[PDB]
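Participant: The file below is query.tsv, TSV, N, CA, C and O atoms and all ligand atoms:
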chain	number	residue	atom	x	y	z
A	1	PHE	N	0.83	-1.20	0.00
A	1	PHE	CA	0.00	0.00	0.00
A	1	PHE	C	0.87	1.25	0.00
A	1	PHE	O	2.02	1.22	0.43
A	2	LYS	N	0.30	2.35	-0.49
A	2	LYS	CA	0.94	3.66	-0.42
A	2	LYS	C	-0.12	4.73	-0.57
A	2	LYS	O	-1.26	4.45	-0.96
A	3	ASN	N	0.25	5.97	-0.25
A	3	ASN	CA	-0.66	7.10	-0.34
A	3	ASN	C	0.03	8.32	-0.95
A	3	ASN	O	-0.05	9.43	-0.43
A	4	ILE	N	0.72	8.12	-2.07
A	4	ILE	CA	1.36	9.24	-2.75
A	4	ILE	C	0.29	10.11	-3.41
A	4	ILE	O	-0.55	9.61	-4.17
A	5	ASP	N	0.32	11.41	-3.10
A	5	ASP	CA	-0.71	12.39	-3.47
A	5	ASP	C	-2.11	11.79	-3.40
A	5	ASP	O	-2.88	11.87	-4.37
A	6	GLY	N	-2.46	11.23	-2.25
A	6	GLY	CA	-3.72	10.51	-2.15
A	6	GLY	C	-3.66	9.24	-2.97
A	6	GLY	O	-2.65	8.51	-2.94
A	7	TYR	N	-4.73	8.96	-3.71
A	7	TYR	CA	-4.81	7.82	-4.62
A	7	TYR	C	-4.33	6.53	-3.95
A	7	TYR	O	-3.29	5.97	-4.29
A	8	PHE	N	-5.11	6.10	-2.96
A	8	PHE	CA	-4.79	4.89	-2.21
A	8	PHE	C	-4.64	3.70	-3.16
A	8	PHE	O	-5.52	3.45	-3.99
A	9	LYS	N	-3.54	2.98	-3.03
A	9	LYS	CA	-3.17	1.93	-3.97
A	9	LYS	C	-3.05	0.60	-3.22
A	9	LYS	O	-2.37	0.53	-2.19
A	10	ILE	N	-3.72	-0.43	-3.73
A	10	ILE	CA	-3.70	-1.76	-3.14
A	10	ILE	C	-3.31	-2.76	-4.22
A	10	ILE	O	-3.87	-2.74	-5.32
A	11	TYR	N	-2.33	-3.62	-3.92
A	11	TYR	CA	-1.88	-4.66	-4.89
A	11	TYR	C	-1.90	-6.02	-4.19
A	11	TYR	O	-1.76	-6.04	-2.95
A	12	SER	N	-2.04	-7.12	-4.94
A	12	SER	CA	-2.17	-8.45	-4.27
A	12	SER	C	-1.89	-9.63	-5.21
A	12	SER	O	-2.47	-9.65	-6.30
A	13	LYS	N	-1.04	-10.57	-4.78
A	13	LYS	CA	-0.78	-11.79	-5.53
A	13	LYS	C	-0.73	-12.94	-4.54
A	13	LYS	O	-0.09	-12.83	-3.49
A	14	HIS	N	-1.39	-14.04	-4.87
A	14	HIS	CA	-1.47	-15.21	-4.01
A	14	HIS	C	-0.75	-16.37	-4.67
A	14	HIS	O	-1.13	-16.79	-5.77
A	15	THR	N	0.29	-16.88	-4.02
A	15	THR	CA	1.08	-17.98	-4.54
A	15	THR	C	0.77	-19.25	-3.76
A	15	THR	O	1.16	-19.36	-2.59
A	16	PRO	N	0.08	-20.23	-4.35
A	16	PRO	CA	-0.29	-21.46	-3.65
A	16	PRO	C	0.87	-22.44	-3.54
A	16	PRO	O	0.77	-23.41	-2.79
A	17	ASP	N	10.46	-20.27	6.43
A	17	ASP	CA	10.52	-18.89	6.90
A	17	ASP	C	9.87	-17.95	5.90
A	17	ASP	O	8.90	-17.26	6.21
A	18	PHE	N	10.41	-17.92	4.68
A	18	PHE	CA	9.90	-17.04	3.64
A	18	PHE	C	10.39	-17.52	2.28
A	18	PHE	O	11.59	-17.81	2.11
A	19	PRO	N	9.51	-17.62	1.29
A	19	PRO	CA	9.94	-18.06	-0.04
A	19	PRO	C	10.96	-17.11	-0.66
A	19	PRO	O	10.93	-15.90	-0.42
A	20	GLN	N	11.86	-17.67	-1.46
A	20	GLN	CA	12.91	-16.90	-2.10
A	20	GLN	C	12.61	-16.56	-3.56
A	20	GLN	O	13.09	-15.52	-4.04
A	21	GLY	N	11.84	-17.38	-4.26
A	21	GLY	CA	11.53	-17.09	-5.65
A	21	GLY	C	10.75	-15.80	-5.79
A	21	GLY	O	9.88	-15.47	-4.98
A	22	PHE	N	11.06	-15.07	-6.86
A	22	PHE	CA	10.44	-13.77	-7.08
A	22	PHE	C	8.94	-13.90	-7.30
A	22	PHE	O	8.45	-14.88	-7.86
A	23	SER	N	8.20	-12.89	-6.85
A	23	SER	CA	6.76	-12.82	-7.06
A	23	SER	C	6.40	-11.41	-7.49
A	23	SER	O	7.02	-10.45	-7.02
A	24	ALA	N	5.40	-11.29	-8.37
A	24	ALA	CA	4.93	-9.95	-8.80
A	24	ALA	C	3.72	-9.55	-7.96
A	24	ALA	O	3.35	-10.33	-7.06
A	25	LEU	N	3.14	-8.38	-8.21
A	25	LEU	CA	1.90	-7.95	-7.50
A	25	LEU	C	0.99	-7.21	-8.48
A	25	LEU	O	1.49	-6.28	-9.15
A	26	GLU	N	-0.28	-7.60	-8.56
A	26	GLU	CA	-1.21	-6.97	-9.54
A	26	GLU	C	-2.15	-6.01	-8.80
A	26	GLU	O	-2.76	-6.42	-7.79
A	27	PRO	N	-2.28	-4.74	-9.24
A	27	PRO	CA	-3.22	-3.80	-8.62
A	27	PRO	C	-4.67	-4.23	-8.85
A	27	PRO	O	-5.02	-4.55	-9.97
A	28	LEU	N	-5.48	-4.24	-7.78
A	28	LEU	CA	-6.92	-4.59	-7.92
A	28	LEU	C	-7.74	-3.30	-7.84
A	28	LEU	O	-8.67	-3.14	-8.65
A	29	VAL	N	-7.40	-2.42	-6.90
A	29	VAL	CA	-8.13	-1.17	-6.73
A	29	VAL	C	-7.15	-0.01	-6.76
A	29	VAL	O	-5.95	-0.16	-6.49
A	30	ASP	N	-7.67	1.16	-7.13
A	30	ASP	CA	-6.91	2.41	-7.08
A	30	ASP	C	-7.92	3.53	-6.87
A	30	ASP	O	-8.64	3.89	-7.81
A	31	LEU	N	-7.98	4.07	-5.66
A	31	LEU	CA	-9.04	4.99	-5.28
A	31	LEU	C	-8.44	6.25	-4.66
A	31	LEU	O	-7.59	6.16	-3.76
A	32	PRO	N	-8.84	7.43	-5.13
A	32	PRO	CA	-8.22	8.68	-4.65
A	32	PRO	C	-8.76	9.15	-3.32
A	32	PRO	O	-9.70	9.96	-3.27
A	33	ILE	N	-8.19	8.65	-2.22
A	33	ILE	CA	-8.68	9.04	-0.90
A	33	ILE	C	-8.23	10.46	-0.55
A	33	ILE	O	-9.05	11.32	-0.22
A	34	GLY	N	-6.93	10.71	-0.63
A	34	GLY	CA	-6.41	12.06	-0.39
A	34	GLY	C	-6.62	12.58	1.01
A	34	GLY	O	-7.04	13.73	1.18
A	35	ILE	N	-6.32	11.77	2.03
A	35	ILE	CA	-6.44	12.21	3.42
A	35	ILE	C	-5.10	12.04	4.12
A	35	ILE	O	-4.12	11.58	3.52
A	36	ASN	N	-5.08	12.45	5.39
A	36	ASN	CA	-3.86	12.34	6.23
A	36	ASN	C	-3.92	11.02	6.99
A	36	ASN	O	-4.93	10.78	7.67
A	37	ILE	N	-2.88	10.20	6.86
A	37	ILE	CA	-2.83	8.88	7.48
A	37	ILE	C	-1.49	8.73	8.19
A	37	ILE	O	-0.44	9.09	7.62
A	38	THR	N	-1.48	8.14	9.39
A	38	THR	CA	-0.20	8.08	10.15
A	38	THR	C	0.01	6.71	10.80
A	38	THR	O	1.19	6.30	10.92
A	39	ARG	N	-1.05	6.02	11.21
A	39	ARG	CA	-0.89	4.76	11.94
A	39	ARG	C	-1.64	3.63	11.26
A	39	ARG	O	-2.62	3.84	10.54
A	40	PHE	N	-1.16	2.41	11.50
A	40	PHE	CA	-1.63	1.21	10.81
A	40	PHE	C	-1.91	0.11	11.81
A	40	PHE	O	-1.17	-0.05	12.79
A	41	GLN	N	-2.97	-0.65	11.57
A	41	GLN	CA	-3.33	-1.78	12.41
A	41	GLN	C	-3.99	-2.84	11.54
A	41	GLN	O	-4.52	-2.53	10.46
A	42	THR	N	-3.94	-4.08	12.00
A	42	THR	CA	-4.52	-5.21	11.28
A	42	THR	C	-5.57	-5.90	12.14
A	42	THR	O	-5.34	-6.20	13.31
A	43	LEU	N	-6.73	-6.16	11.54
A	43	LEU	CA	-7.82	-6.86	12.19
A	43	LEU	C	-7.59	-8.37	12.15
A	43	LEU	O	-6.64	-8.86	11.54
A	44	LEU	N	-8.47	-9.10	12.83
A	44	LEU	CA	-8.36	-10.54	12.97
A	44	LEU	C	-9.71	-11.20	12.73
A	44	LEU	O	-10.73	-10.53	12.56
A	45	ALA	N	-9.71	-12.54	12.72
A	45	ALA	CA	-10.94	-13.31	12.55
A	45	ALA	C	-11.22	-14.13	13.80
A	45	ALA	O	-10.48	-14.04	14.78
B	1	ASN	N	-18.68	38.01	-6.81
B	1	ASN	CA	-19.09	38.76	-5.63
B	1	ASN	C	-20.48	38.32	-5.18
B	1	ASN	O	-21.42	38.29	-5.98
B	2	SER	N	-20.61	37.99	-3.89
B	2	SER	CA	-21.87	37.53	-3.32
B	2	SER	C	-22.14	38.31	-2.04
B	2	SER	O	-21.76	37.89	-0.94
B	3	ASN	N	-22.80	39.47	-2.17
B	3	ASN	CA	-23.17	40.26	-0.97
B	3	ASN	C	-24.68	40.12	-0.72
B	3	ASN	O	-25.31	41.11	-0.32
B	4	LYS	N	-25.22	38.92	-0.97
B	4	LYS	CA	-26.69	38.71	-0.82
B	4	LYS	C	-26.93	37.69	0.30
B	4	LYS	O	-27.66	38.03	1.26
B	5	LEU	N	-26.32	36.51	0.19
B	5	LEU	CA	-26.51	35.44	1.21
B	5	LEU	C	-25.46	35.62	2.32
B	5	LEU	O	-25.50	34.84	3.29
B	6	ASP	N	-24.57	36.60	2.16
B	6	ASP	CA	-23.48	36.80	3.15
B	6	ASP	C	-23.54	38.24	3.70
B	6	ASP	O	-22.49	38.77	4.09
B	7	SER	N	-24.74	38.84	3.71
B	7	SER	CA	-24.89	40.21	4.25
B	7	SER	C	-26.35	40.49	4.63
B	7	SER	O	-27.24	40.16	3.82
B	8	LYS	N	-26.58	41.07	5.81
B	8	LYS	CA	-27.96	41.45	6.24
B	8	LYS	C	-27.84	42.46	7.39
B	8	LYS	O	-26.74	42.58	7.95
B	9	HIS	N	-28.94	43.14	7.74
B	9	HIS	CA	-28.88	44.15	8.77
B	9	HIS	C	-28.44	43.53	10.10
B	9	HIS	O	-28.74	42.37	10.39
B	10	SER	N	-27.70	44.32	10.88
B	10	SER	CA	-27.08	43.96	12.16
B	10	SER	C	-25.84	43.08	11.99
B	10	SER	O	-25.19	42.77	13.00
B	11	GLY	N	-25.50	42.68	10.77
B	11	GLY	CA	-24.26	41.98	10.52
B	11	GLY	C	-24.39	40.47	10.61
B	11	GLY	O	-25.38	39.91	11.09
B	12	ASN	N	-23.35	39.79	10.10
B	12	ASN	CA	-23.30	38.30	10.10
B	12	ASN	C	-21.86	37.84	10.35
B	12	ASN	O	-21.01	38.11	9.48
B	13	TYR	N	-21.60	37.18	11.47
B	13	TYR	CA	-20.27	36.70	11.84
B	13	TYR	C	-20.19	35.18	11.76
B	13	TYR	O	-19.38	34.55	12.45
B	14	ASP	N	-21.02	34.57	10.92
B	14	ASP	CA	-21.14	33.11	10.89
B	14	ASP	C	-19.87	32.45	10.37
B	14	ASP	O	-19.47	31.39	10.87
B	15	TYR	N	-19.22	33.05	9.38
B	15	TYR	CA	-18.07	32.43	8.75
B	15	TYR	C	-16.83	32.52	9.64
B	15	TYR	O	-16.82	33.21	10.66
B	16	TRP	N	-15.77	31.82	9.23
B	16	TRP	CA	-14.60	31.61	10.07
B	16	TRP	C	-13.36	31.48	9.21
B	16	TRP	O	-13.43	31.06	8.05
B	17	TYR	N	-12.21	31.84	9.78
B	17	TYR	CA	-10.93	31.73	9.09
B	17	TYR	C	-9.80	31.65	10.12
B	17	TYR	O	-9.84	32.33	11.14
B	18	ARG	N	-8.79	30.83	9.81
B	18	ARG	CA	-7.73	30.51	10.76
B	18	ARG	C	-6.51	31.39	10.52
B	18	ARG	O	-6.10	31.60	9.38
B	19	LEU	N	-5.94	31.90	11.62
B	19	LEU	CA	-4.69	32.65	11.57
B	19	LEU	C	-3.57	32.01	12.39
B	19	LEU	O	-2.40	32.29	12.11
B	20	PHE	N	-3.89	31.18	13.37
B	20	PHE	CA	-2.90	30.60	14.27
B	20	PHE	C	-2.82	29.10	14.00
B	20	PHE	O	-3.74	28.35	14.34
B	21	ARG	N	-1.71	28.68	13.38
B	21	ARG	CA	-1.49	27.24	13.10
B	21	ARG	C	-0.07	26.87	13.52
B	21	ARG	O	0.84	27.69	13.30
B	22	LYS	N	0.12	25.68	14.10
B	22	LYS	CA	1.42	25.25	14.60
B	22	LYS	C	2.47	25.21	13.49
B	22	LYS	O	3.66	25.36	13.77
B	23	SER	N	2.05	25.00	12.25
B	23	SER	CA	2.97	24.98	11.11
B	23	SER	C	2.20	25.37	9.86
B	23	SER	O	1.04	25.77	9.92
B	24	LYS	N	2.86	25.26	8.71
B	24	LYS	CA	2.23	25.53	7.43
B	24	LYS	C	1.25	24.40	7.08
B	24	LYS	O	1.37	23.27	7.54
B	25	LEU	N	0.24	24.74	6.27
B	25	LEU	CA	-0.78	23.73	5.89
B	25	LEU	C	-0.36	23.07	4.57
B	25	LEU	O	-0.13	23.80	3.59
B	26	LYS	N	-0.27	21.74	4.56
B	26	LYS	CA	0.11	21.01	3.32
B	26	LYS	C	-1.05	21.10	2.31
B	26	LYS	O	-2.21	21.15	2.75
B	27	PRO	N	-0.78	21.15	0.99
B	27	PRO	CA	-1.83	21.29	-0.02
B	27	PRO	C	-2.88	20.19	0.11
B	27	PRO	O	-2.56	19.03	0.39
B	28	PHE	N	-4.12	20.64	-0.09
B	28	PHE	CA	-5.22	19.66	-0.10
B	28	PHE	C	-5.16	18.85	1.19
B	28	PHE	O	-5.17	17.61	1.13
B	29	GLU	N	-5.09	19.55	2.34
B	29	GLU	CA	-5.07	18.88	3.67
B	29	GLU	C	-5.87	19.72	4.67
B	29	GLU	O	-5.43	20.85	4.96
B	30	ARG	N	-7.00	19.21	5.16
B	30	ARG	CA	-7.85	19.92	6.11
B	30	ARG	C	-7.32	19.72	7.52
B	30	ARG	O	-6.90	18.63	7.90
B	31	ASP	N	-7.23	20.83	8.27
B	31	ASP	CA	-6.69	20.79	9.66
B	31	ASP	C	-7.77	21.30	10.62
B	31	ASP	O	-7.51	22.29	11.33
B	32	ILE	N	-8.93	20.65	10.63
B	32	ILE	CA	-10.03	21.03	11.50
B	32	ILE	C	-9.64	20.77	12.95
B	32	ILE	O	-9.34	19.63	13.32
B	33	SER	N	-9.64	21.82	13.77
B	33	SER	CA	-9.36	21.68	15.19
B	33	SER	C	-9.67	22.99	15.89
B	33	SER	O	-9.66	24.06	15.28
B	34	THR	N	-9.95	22.89	17.19
B	34	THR	CA	-10.13	24.04	18.07
B	34	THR	C	-9.09	23.90	19.18
B	34	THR	O	-9.40	23.48	20.29
B	35	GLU	N	-7.85	24.30	18.88
B	35	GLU	CA	-6.74	24.17	19.80
B	35	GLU	C	-6.06	25.52	19.96
B	35	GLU	O	-5.63	26.12	18.97
B	36	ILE	N	-5.95	25.98	21.20
B	36	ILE	CA	-5.40	27.31	21.47
B	36	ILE	C	-3.92	27.33	21.13
B	36	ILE	O	-3.16	26.43	21.51
B	37	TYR	N	-3.50	28.36	20.39
B	37	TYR	CA	-2.10	28.49	20.01
B	37	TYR	C	-1.24	28.77	21.24
B	37	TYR	O	-1.60	29.57	22.11
B	38	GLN	N	-0.08	28.11	21.30
B	38	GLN	CA	0.83	28.28	22.42
B	38	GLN	C	1.73	29.49	22.21
B	38	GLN	O	2.37	29.64	21.16
B	39	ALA	N	1.78	30.37	23.21
B	39	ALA	CA	2.64	31.53	23.20
B	39	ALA	C	3.61	31.45	24.38
B	39	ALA	O	3.20	31.16	25.50
B	40	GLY	N	4.88	31.71	24.11
B	40	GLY	CA	5.91	31.56	25.12
B	40	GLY	C	6.18	30.11	25.45
B	40	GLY	O	6.55	29.32	24.57
B	41	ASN	N	5.99	29.73	26.72
B	41	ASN	CA	6.14	28.34	27.13
B	41	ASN	C	5.00	27.89	28.03
B	41	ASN	O	5.15	26.90	28.76
B	42	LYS	N	3.86	28.58	27.99
B	42	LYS	CA	2.73	28.27	28.87
B	42	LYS	C	1.82	27.23	28.22
B	42	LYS	O	1.53	27.33	27.02
B	43	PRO	N	1.36	26.24	28.97
B	43	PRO	CA	0.35	25.31	28.44
B	43	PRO	C	-1.08	25.82	28.56
B	43	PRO	O	-2.01	25.02	28.68
B	44	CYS	N	-1.26	27.14	28.61
B	44	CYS	CA	-2.60	27.71	28.78
B	44	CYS	C	-3.58	27.14	27.77
B	44	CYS	O	-3.28	27.05	26.57
B	45	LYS	N	-4.75	26.75	28.26
B	45	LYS	CA	-5.83	26.26	27.42
B	45	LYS	C	-7.05	27.13	27.72
B	45	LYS	O	-7.70	26.95	28.75
B	46	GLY	N	-7.32	28.07	26.84
B	46	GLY	CA	-8.40	29.01	27.05
B	46	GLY	C	-8.13	30.29	26.29
B	46	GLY	O	-7.17	30.40	25.53
B	47	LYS	N	-9.00	31.27	26.53
B	47	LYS	CA	-8.91	32.57	25.88
B	47	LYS	C	-8.42	33.62	26.87
B	47	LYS	O	-8.65	33.54	28.07
B	48	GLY	N	-7.71	34.61	26.33
B	48	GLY	CA	-7.08	35.63	27.14
B	48	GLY	C	-5.67	35.93	26.67
B	48	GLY	O	-5.36	35.83	25.48
C	1	LIG	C1	-0.82	15.55	8.49
C	1	LIG	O1	-0.33	14.93	9.67
C	1	LIG	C2	1.01	15.33	10.03
C	1	LIG	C3	1.38	14.55	11.27
C	1	LIG	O2	0.48	14.82	12.34
C	1	LIG	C4	1.07	16.84	10.24
C	1	LIG	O3	2.42	17.22	10.50
C	1	LIG	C5	0.57	17.55	9.00
C	1	LIG	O4	0.59	18.96	9.19
C	1	LIG	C6	-0.83	17.07	8.64
C	1	LIG	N1	-1.33	17.71	7.44
C	1	LIG	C7	-1.74	18.97	7.37
C	1	LIG	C8	-2.58	19.45	8.52
C	1	LIG	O5	-1.47	19.70	6.42
Translate this structure into structure tokens?
Facilitator:
Amino acid sequence: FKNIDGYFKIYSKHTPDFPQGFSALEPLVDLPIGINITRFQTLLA
Amino acid sequence: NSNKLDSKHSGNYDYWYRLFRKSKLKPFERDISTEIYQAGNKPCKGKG
């Protein structure tokens, strides 16, 4: 994710410690939010 | 020029504008707040 001049950007790739082979990422959404953001948290199930 | 919806007898002070901000305002960034500007080194919270 990023928020350069707004325009919230989300990318995602699902590949069926950490894998070493290269992986790409495809944008699904691109929405111009244009707000001030400072902190991040993740929800759970 | 709009002196119709923004003028009437006895005056209208409804609108507002900011002069005291802790720093410069970044483009396209709203800084809505009612926070008293600090002068000197006092943590005064209020008017006066
Ligand atoms: C956005 O947030 C930062 C960190 O609080 C602040 O420095 C900045 O002035 C804010 N944007 C504005 C009000 O232009």
Participant: Tell me, in Å to one decimal, how far atom CA of residue A:9 is from atom CA of residue A:28.
Facilitator: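 Atom CA of residue A:28 lies at a distance of 8.5 Å from atom CA of residue A:9.
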Participant: Would you list the residues that come within 7 Å of ligand LIG 1 (chain C)? Count only N, CA, C and O atoms and all ligand atoms and give the answer as a list in words.
Facilitator: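 Using only N, CA, C and O atoms and all ligand atoms, I find these residues within 7 Å of ligand LIG 1 (chain C): residues 36, 37 and 38 of chain A; 23, 24, 25, 26, 27, 28, 29, 30, 31 and 32 of chain B.
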Participant: Could you dump the residues just selected with N, CA, C and O atoms as a PDB file, in the coordinates of the input?
Facilitator:
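This is the output file part_28.pdb:
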ATOM      1  N   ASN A  36      -5.080  12.450   5.390  1.00  0.00           N
ATOM      2  CA  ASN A  36      -3.860  12.340   6.230  1.00  0.00           C
ATOM      3  C   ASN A  36      -3.920  11.020   6.990  1.00  0.00           C
ATOM      4  O   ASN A  36      -4.930  10.780   7.670  1.00  0.00           O
ATOM      5  N   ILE A  37      -2.880  10.200   6.860  1.00  0.00           N
ATOM      6  CA  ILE A  37      -2.830   8.880   7.480  1.00  0.00           C
ATOM      7  C   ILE A  37      -1.490   8.730   8.190  1.00  0.00           C
ATOM      8  O   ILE A  37      -0.440   9.090   7.620  1.00  0.00           O
ATOM      9  N   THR A  38      -1.480   8.140   9.390  1.00  0.00           N
ATOM     10  CA  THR A  38      -0.200   8.080  10.150  1.00  0.00           C
ATOM     11  C   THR A  38       0.010   6.710  10.800  1.00  0.00           C
ATOM     12  O   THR A  38       1.190   6.300  10.920  1.00  0.00           O
TER      13      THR A  38
ATOM     14  N   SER B  23       2.050  25.000  12.250  1.00  0.00           N
ATOM     15  CA  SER B  23       2.970  24.980  11.110  1.00  0.00           C
ATOM     16  C   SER B  23       2.200  25.370   9.860  1.00  0.00           C
ATOM     17  O   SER B  23       1.040  25.770   9.920  1.00  0.00           O
ATOM     18  N   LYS B  24       2.860  25.260   8.710  1.00  0.00           N
ATOM     19  CA  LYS B  24       2.230  25.530   7.430  1.00  0.00           C
ATOM     20  C   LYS B  24       1.250  24.400   7.080  1.00  0.00           C
ATOM     21  O   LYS B  24       1.370  23.270   7.540  1.00  0.00           O
ATOM     22  N   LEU B  25       0.240  24.740   6.270  1.00  0.00           N
ATOM     23  CA  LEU B  25      -0.780  23.730   5.890  1.00  0.00           C
ATOM     24  C   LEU B  25      -0.360  23.070   4.570  1.00  0.00           C
ATOM     25  O   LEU B  25      -0.130  23.800   3.590  1.00  0.00           O
ATOM     26  N   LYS B  26      -0.270  21.740   4.560  1.00  0.00           N
ATOM     27  CA  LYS B  26       0.110  21.010   3.320  1.00  0.00           C
ATOM     28  C   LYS B  26      -1.050  21.100   2.310  1.00  0.00           C
ATOM     29  O   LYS B  26      -2.210  21.150   2.750  1.00  0.00           O
ATOM     30  N   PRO B  27      -0.780  21.150   0.990  1.00  0.00           N
ATOM     31  CA  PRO B  27      -1.830  21.290  -0.020  1.00  0.00           C
ATOM     32  C   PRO B  27      -2.880  20.190   0.110  1.00  0.00           C
ATOM     33  O   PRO B  27      -2.560  19.030   0.390  1.00  0.00           O
ATOM     34  N   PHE B  28      -4.120  20.640  -0.090  1.00  0.00           N
ATOM     35  CA  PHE B  28      -5.220  19.660  -0.100  1.00  0.00           C
ATOM     36  C   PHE B  28      -5.160  18.850   1.190  1.00  0.00           C
ATOM     37  O   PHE B  28      -5.170  17.610   1.130  1.00  0.00           O
ATOM     38  N   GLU B  29      -5.090  19.550   2.340  1.00  0.00           N
ATOM     39  CA  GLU B  29      -5.070  18.880   3.670  1.00  0.00           C
ATOM     40  C   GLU B  29      -5.870  19.720   4.670  1.00  0.00           C
ATOM     41  O   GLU B  29      -5.430  20.850   4.960  1.00  0.00           O
ATOM     42  N   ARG B  30      -7.000  19.210   5.160  1.00  0.00           N
ATOM     43  CA  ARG B  30      -7.850  19.920   6.110  1.00  0.00           C
ATOM     44  C   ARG B  30      -7.320  19.720   7.520  1.00  0.00           C
ATOM     45  O   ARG B  30      -6.900  18.630   7.900  1.00  0.00           O
ATOM     46  N   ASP B  31      -7.230  20.830   8.270  1.00  0.00           N
ATOM     47  CA  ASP B  31      -6.690  20.790   9.660  1.00  0.00           C
ATOM     48  C   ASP B  31      -7.770  21.300  10.620  1.00  0.00           C
ATOM     49  O   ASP B  31      -7.510  22.290  11.330  1.00  0.00           O
ATOM     50  N   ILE B  32      -8.930  20.650  10.630  1.00  0.00           N
ATOM     51  CA  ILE B  32     -10.030  21.030  11.500  1.00  0.00           C
ATOM     52  C   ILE B  32      -9.640  20.770  12.950  1.00  0.00           C
ATOM     53  O   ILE B  32      -9.340  19.630  13.320  1.00  0.00           O
TER      54      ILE B  32
END
Participant: Tell me the residues of chain A close to chain B, meaning within 8 Å using all atoms listed in the file, as a PyMOL selection string.
Facilitator: chain A and resi 5-6+33-36
Participant: Work out how far atom CA of residue A:21 is from atom CA of residue A:45, in Å to one decimal.
Facilitator: 29.2 Å
Participant: Rounded to one decimal place, report the atom N of residue A:31-atom N of residue A:7 distance in Å.
Facilitator: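 Value for the atom N of residue A:31-atom N of residue A:7 distance: 6.2 Å.
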Participant: Would you list the contacts of residue B:38 as a list in words, taking every protein, DNA or RNA residue within 8 Å and counting all atoms listed in the file, but skipping same-chain residues closer than 4 positions in sequence?
Facilitator: residues 20, 21, 22, 42, 43 and 44 of chain B
Participant: Pick out the residues sitting within 9 Å of residue A:25, and hand them over as a ChimeraX atom specification; count only C-alpha atoms, and ignore anything fewer than 5 positions along from it in its own chain.
Facilitator: /A:11-14
Participant: Since we have the selection now, will you write its residues out, keeping N, CA, C and O atoms, as a CSV table (one decimal), keeping the file's coordinate frame?
Facilitator:
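part.csv written:
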chain,number,residue,atom,x,y,z
A,11,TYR,N,-2.3,-3.6,-3.9
A,11,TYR,CA,-1.9,-4.7,-4.9
A,11,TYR,C,-1.9,-6.0,-4.2
A,11,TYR,O,-1.8,-6.0,-3.0
A,12,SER,N,-2.0,-7.1,-4.9
A,12,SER,CA,-2.2,-8.4,-4.3
A,12,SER,C,-1.9,-9.6,-5.2
A,12,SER,O,-2.5,-9.6,-6.3
A,13,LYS,N,-1.0,-10.6,-4.8
A,13,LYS,CA,-0.8,-11.8,-5.5
A,13,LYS,C,-0.7,-12.9,-4.5
A,13,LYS,O,-0.1,-12.8,-3.5
A,14,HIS,N,-1.4,-14.0,-4.9
A,14,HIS,CA,-1.5,-15.2,-4.0
A,14,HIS,C,-0.8,-16.4,-4.7
A,14,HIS,O,-1.1,-16.8,-5.8
Participant: Identify all residues of chain A in strand (DSSP E or B) (DSSP on the backbone) and supply them as a short mmCIF file (atom, residue, chain, number, x, y, z; two decimals) with N, CA, C and O atoms, in the coordinates of the input.
Facilitator:
data_model
loop_
_atom_site.label_atom_id
_atom_site.label_comp_id
_atom_site.auth_asym_id
_atom_site.auth_seq_id
_atom_site.Cartn_x
_atom_site.Cartn_y
_atom_site.Cartn_z
N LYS A 2 0.30 2.35 -0.49
CA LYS A 2 0.94 3.66 -0.42
C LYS A 2 -0.12 4.73 -0.57
O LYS A 2 -1.26 4.45 -0.96
N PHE A 8 -5.11 6.10 -2.96
CA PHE A 8 -4.79 4.89 -2.21
C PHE A 8 -4.64 3.70 -3.16
O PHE A 8 -5.52 3.45 -3.99
N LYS A 9 -3.54 2.98 -3.03
CA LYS A 9 -3.17 1.93 -3.97
C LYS A 9 -3.05 0.60 -3.22
O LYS A 9 -2.37 0.53 -2.19
N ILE A 10 -3.72 -0.43 -3.73
CA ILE A 10 -3.70 -1.76 -3.14
C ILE A 10 -3.31 -2.76 -4.22
O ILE A 10 -3.87 -2.74 -5.32
N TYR A 11 -2.33 -3.62 -3.92
CA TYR A 11 -1.88 -4.66 -4.89
C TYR A 11 -1.90 -6.02 -4.19
O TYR A 11 -1.76 -6.04 -2.95
N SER A 12 -2.04 -7.12 -4.94
CA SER A 12 -2.17 -8.45 -4.27
C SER A 12 -1.89 -9.63 -5.21
O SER A 12 -2.47 -9.65 -6.30
N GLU A 26 -0.28 -7.60 -8.56
CA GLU A 26 -1.21 -6.97 -9.54
C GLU A 26 -2.15 -6.01 -8.80
O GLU A 26 -2.76 -6.42 -7.79
N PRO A 27 -2.28 -4.74 -9.24
CA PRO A 27 -3.22 -3.80 -8.62
C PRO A 27 -4.67 -4.23 -8.85
O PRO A 27 -5.02 -4.55 -9.97
N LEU A 28 -5.48 -4.24 -7.78
CA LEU A 28 -6.92 -4.59 -7.92
C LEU A 28 -7.74 -3.30 -7.84
O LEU A 28 -8.67 -3.14 -8.65
N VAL A 29 -7.40 -2.42 -6.90
CA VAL A 29 -8.13 -1.17 -6.73
C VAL A 29 -7.15 -0.01 -6.76
O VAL A 29 -5.95 -0.16 -6.49
N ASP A 30 -7.67 1.16 -7.13
CA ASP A 30 -6.91 2.41 -7.08
C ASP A 30 -7.92 3.53 -6.87
O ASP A 30 -8.64 3.89 -7.81
N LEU A 31 -7.98 4.07 -5.66
CA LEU A 31 -9.04 4.99 -5.28
C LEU A 31 -8.44 6.25 -4.66
O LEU A 31 -7.59 6.16 -3.76
#
Participant: Taking all atoms of stretch 1-4 of chain B that the file lists and extending 5 Å past them on each side, where is the centre of the axis-aligned box and how long are its edges? Answer in Å to one decimal, as AutoDock Vina command-line options.
Facilitator:
--center_x -23.2 --center_y 39.3 --center_z -2.8 --size_x 19.0 --size_y 13.6 --size_z 18.1
